[PDB]
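*Asks:*
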Amino acid sequence: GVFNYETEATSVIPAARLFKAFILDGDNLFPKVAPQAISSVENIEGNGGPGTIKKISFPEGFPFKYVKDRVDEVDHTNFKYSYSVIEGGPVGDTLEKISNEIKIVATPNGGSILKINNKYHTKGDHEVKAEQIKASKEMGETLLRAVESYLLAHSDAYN
Ligand SMILES: O=S(=O)(O)c1cccc2cccc(Nc3ccccc3)c12
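Read in the numbering used here, the sequence shown has 130 at position 125, and its numbers run on one by one without any break.
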């Protein structure tokens, strides 16, 4: 079955620039700006569109070794990105996949709002609990803030 979670986050970075950096260049930026959270990102297959698979490795001491993420859809106009966690970490005999969707929306103050949906697809109704969701949210926030800080400090990056 499916467990659905929605949340929102904010940024002081305009939507298009944040999308370009945080979504379209995460394979390069995440290990650079958040080495304590992400040890490396490997492209396994594909040229960036639907079906592209990446292997995201975590540092020593983290709960999980790695996850493999698959790009589902990328909307460069509406700043929407969909991807699924398809192997590693929590995925296995109790969890088939995590299907994620992010949309970045401009605000009039020059910032943005990130609208985030995560759908956990379980095998044999193994309850997804608050603790896993909390962890995932903390990681996403850590990554967002690290990228934000980088974009604040490097004005010529991603215009
Ligand atoms: O989707 S993520 O890419 O991790 C993500 C990316 C960027 C910011 C996020 C902020 C809060 C929660 C997230 N994840 C989350 C995790 C579980 C349930 C609901 C949201 C964020």
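Yeah, the Cβ is synthetic: ideal placement off N, Cα and C, and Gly gets one too.
1) Please confirm whether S89 and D77 have their CB atoms less than 7 Å apart.
2) To test your reading of the DSSP string, which unbroken alpha helix (DSSP H) runs of 4 or more residues are found completely within the region 12-91?
3) Roughly how far, in whole angstroms, is the beta-carbon of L149 from the beta-carbon of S16, given that I think they are within contact range, below 8 Å?
4) Just to confirm, is the Cβ distance from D74 to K59 under 7 Å?
5) Could you say which of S87, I61, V133 lies nearest to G93 if we only look at CA atoms?
6) Quick one, are the C-beta atoms of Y125 and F35 less than 7 Å apart?
7) Please classify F69 as buried or exposed, where buried requires at least 16 neighbouring CB atoms within 10 angstroms.
8) Note down, in chain order, each residue of its chain lying with its Cβ closer than 8 Å to the Cβ of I49, except the 5 sequence neighbours on either side.
9) Whose C-alpha, out of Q41, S104, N114, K134, is nearest the C-alpha of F67?
10) Return yes when the Cβ of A14 is within less than 7 Å of the Cβ of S117, no when it is not.
11) Compute the beta-carbon to beta-carbon distance between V38 and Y155, rounded to the nearest angstrom, for a pair I have assumed lies under 8 Å.
12) Terminal residues of the continuous alpha helix (DSSP H) containing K102?
13) Excluding five sequence neighbours on each side, which residues of the same chain lie with their C-beta closer than 8 Å to the C-beta of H131?
*Replies:* The structure says:
1) yes
2) 20-23, 31-38
3) 7 Å
4) yes
5) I61
6) no
7) exposed
8) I58, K59, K60, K73
9) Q41
10) no
11) 5 Å
12) Unbroken run through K102 is the beta strand (DSSP E), 100-111; no alpha helix (DSSP H).
13) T99, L100
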